[PDB]
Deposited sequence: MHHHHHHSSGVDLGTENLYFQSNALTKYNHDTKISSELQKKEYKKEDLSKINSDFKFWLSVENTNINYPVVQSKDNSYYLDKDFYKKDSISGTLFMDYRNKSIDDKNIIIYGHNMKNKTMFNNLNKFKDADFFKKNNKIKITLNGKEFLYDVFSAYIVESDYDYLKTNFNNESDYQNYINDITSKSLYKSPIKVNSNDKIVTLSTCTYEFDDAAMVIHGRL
């Protein structure tokens, strides 16, 4: 097992979350905590003015090839129709590495959930799609529903879960593995 600065920093931020410390005082760009069931995805999520800055900067805004999980600069509220989060596929089996776990058919059929923790609240997103290979602004239900049947079909396996225009969708993308969860 390889221990380095990036693994030390992230495991310490995880500790500060267990202790209920306010992370945003460490980084004003902090948004919420993200964790996925039966993975080591248990990281902080930040937002910049773009989808590129936190590709090499850690949570402390220092250089880091592991980066920090960040959310699309275009997302605005937890009531957004498709919330997108980007994270690298680091080879320490860290960051968004465990998304490849959703290539296992048994794992997909098992219900592992996407968990967003925001201001002492817990939102649960049920995974319904996983596939190898991004709209946040939907001008009406038609586009949004077209987007739903669009990604429900790309899934490598068919999820028993049925999503429709009255659910909200979270999306975890690498920077490629992609999975989708619904609420």
Per the record, deposited positions without any C-alpha are 1-25, 159-164, 207-213
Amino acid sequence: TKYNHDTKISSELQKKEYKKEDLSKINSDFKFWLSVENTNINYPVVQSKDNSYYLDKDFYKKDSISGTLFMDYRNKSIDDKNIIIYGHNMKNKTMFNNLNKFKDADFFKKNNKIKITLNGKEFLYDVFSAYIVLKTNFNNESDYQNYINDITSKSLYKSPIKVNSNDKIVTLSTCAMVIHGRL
From here on, numbers count along this sequence of modelled residues.
Ranked by mean Cα B-factor in the entry, 155-163 and 8-16, top stretch is 155-163
Averaging the C-alpha temperature factors as deposited, the higher value of 26-34 versus 135-143 falls on 135-143
Entry-reported C-alpha B-factor of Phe108 relative to its chain, by third, is highest
Quick tally, chain-level thirds of C-alpha B-factors: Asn42 sits in the lowest
So, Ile148's CA B-factor, relative to its chain, sits in which third? The highest
Of the three thirds of Cα B-factor ranks in this chain, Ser52 occupies the middle
Of the three thirds of Cα B-factor ranks in this chain, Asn119 occupies the highest
